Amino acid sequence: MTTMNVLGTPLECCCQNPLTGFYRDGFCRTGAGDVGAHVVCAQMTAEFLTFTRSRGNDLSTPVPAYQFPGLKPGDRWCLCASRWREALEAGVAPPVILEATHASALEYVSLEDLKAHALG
């Protein structure tokens, strides 16, 4: 049974801002529109913010087109695998939450380097 809200639609996240996932449903799930594969749920560290900006991947500078204030460190986010696997081999990979990162991350990296950099 699909679980339902007052309006008659499927119940959505009662999420905090900032809202996550490429489809803004709260989930590092991937799909058609995305080609970046934002399947890694990471916690933002200022080093990584700084590192990926340099690579062509600034996730820091706010932009309220969508109403998207950028990302403070400590905030969670769905990042491209390739954009994380960069910070991994550059020794600056941010802490990942594995139950929140899609299975296809493993087509990019291994469980072991993911586990390696978990949050505990």
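For every residue, the number given is its place in the sequence shown, counted from 1.
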- [ ] Taking the mean of the C-alpha B-factors per stretch from the entry, tell me the winner out of 26 to 34 and 47 to 55.
- [x] 47 to 55
Open item on the list: Highest mean C-alpha temperature factor of the two stretches 108 to 116 and 95 to 103, which is it?
Closed with: 108 to 116
TODO: Report the third (lowest, middle or highest) to which the CA temperature factor of residue 84 belongs, ranking only the modelled residues of the same chain.
DONE: middle
Open item on the list: Quick check on the deposited entry: does the C-alpha B-factor of residue 7 sit in the lowest, middle or highest third of its chain?
Closed with: middle
